[PDB]
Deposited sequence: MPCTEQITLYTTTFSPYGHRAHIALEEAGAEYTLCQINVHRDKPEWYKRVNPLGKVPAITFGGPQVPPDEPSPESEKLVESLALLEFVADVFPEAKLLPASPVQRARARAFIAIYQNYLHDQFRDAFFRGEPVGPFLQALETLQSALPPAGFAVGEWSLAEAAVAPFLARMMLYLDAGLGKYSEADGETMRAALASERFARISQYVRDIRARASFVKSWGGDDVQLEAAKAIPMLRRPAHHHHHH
C-alpha cells in the first residue's frame, strides 16, 4: 500500500491501542497523532476516536485533507488494516480459522468488556468479571494466541487485558479493598494461569511493546484517572 494512513487516538486510549497494534503488525507506514482541538471535527464531526484517515495528500495530522477517507469504530479499523495489508496475514488464511479469531473477539465484546468496566470503574460486584474472564480464557488453545499465531484477536483484547493486570497489580480501580483482594487472588491462582500467560506472551510482542508506553508511562497516566479511585 501507498496511500497515507494516519491514526488518531487519545494518548492512553485502549480502543486506539487496538488500531496501533494492528498497524504495527502490518508493517504499515503511518502517522500517529495523540491528543479536543477545534480542528478534530474535520476528522470526525462527532469527536469519535480512534480514527483513521486514508488516502489524500500527505498532510500534517492537525490539517486533515478534505480528500482523505475517514474511518472510525475500533474493530472495523482492525478489519480495515487486515484488508489493506493482506500480505501481513493479520488474520489467518482459512475461513474456519478466521471465524474462530472473530468469535474470540465477540466473546470479549459481548461477555467480558462490560464487566471489566463494572468491576474496575463502577466498583460493582466482581463475581461476573471473573466468570467472563474464565470464559474468554476457555476459548484459548493451551499454547500460543487465540488462533495459534498472533491475529486481530490479540489486537482487539490485548489493550484491555494488559490494563486490567496493570491496574490490579497497582491497586487502581474503584472496587472495594475486599473485591480487590478477591481479584488479585483469582488472577494469581491456578484457575487463571492460562490467561495470565496469555498476557505475558502479549506483553512480549513487539507491536504491543511499541504501542504500550511502558508500564511507567501507563501507570503515571493511570493515576490521573478519576474512575480508578
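Novice: May I ask you to mark the stretches of the deposited sequence that the structure leaves without C-alpha coordinates?
Specialist: Those parts of the chain that were deposited but carry no coordinates are 1-2, 38-42, 237-245.
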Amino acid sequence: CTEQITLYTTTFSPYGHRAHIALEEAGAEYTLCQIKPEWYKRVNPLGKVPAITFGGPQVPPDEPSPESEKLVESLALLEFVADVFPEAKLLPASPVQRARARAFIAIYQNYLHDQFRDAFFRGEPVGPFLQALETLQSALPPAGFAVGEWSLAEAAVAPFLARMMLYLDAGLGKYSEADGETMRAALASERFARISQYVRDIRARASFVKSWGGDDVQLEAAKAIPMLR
From here on, numbers count along this sequence of modelled residues.
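Novice: Could you check which stretch, 201-209 or 214-222, carries the larger mean CA temperature factor in the entry?
Specialist: Averaged over C-alpha atoms, the B-factors run higher in 214-222.
Novice: Comparing 124-132 with 69-77, where is the mean C-alpha B-factor higher?
Specialist: According to the PDB entry, the answer is 124-132.
Novice: Have a look at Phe160, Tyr175, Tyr30, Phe54 and flag the one whose Cα has the highest B-factor in the entry.
Specialist: Of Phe160, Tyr175, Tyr30, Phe54, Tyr175 has the highest C-alpha B-factor.
Novice: Lowest, middle or highest third of the chain for the C-alpha temperature factor of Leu168?
Specialist: CA B-factor rank for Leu168: middle third.
Novice: Where does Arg100 sit by CA temperature factor within its chain: lowest, middle or highest third?
Specialist: Ranked within chain, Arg100 CA B lands in the lowest tercile.
Novice: Lowest, middle or highest third of the chain for the C-alpha temperature factor of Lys89?
Specialist: Lowest third.
Novice: By its CA B factor, does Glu149 count among the lowest, middle or highest third of the modelled residues in the chain?
Specialist: Middle third - that is where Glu149 ends up once the chain's C-alpha B-factors are sorted.
Novice: Where does the C-alpha B-factor of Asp179 rank in its chain, lowest, middle or highest third?
Specialist: Highest third, going by the recorded CA B-factors of the chain.
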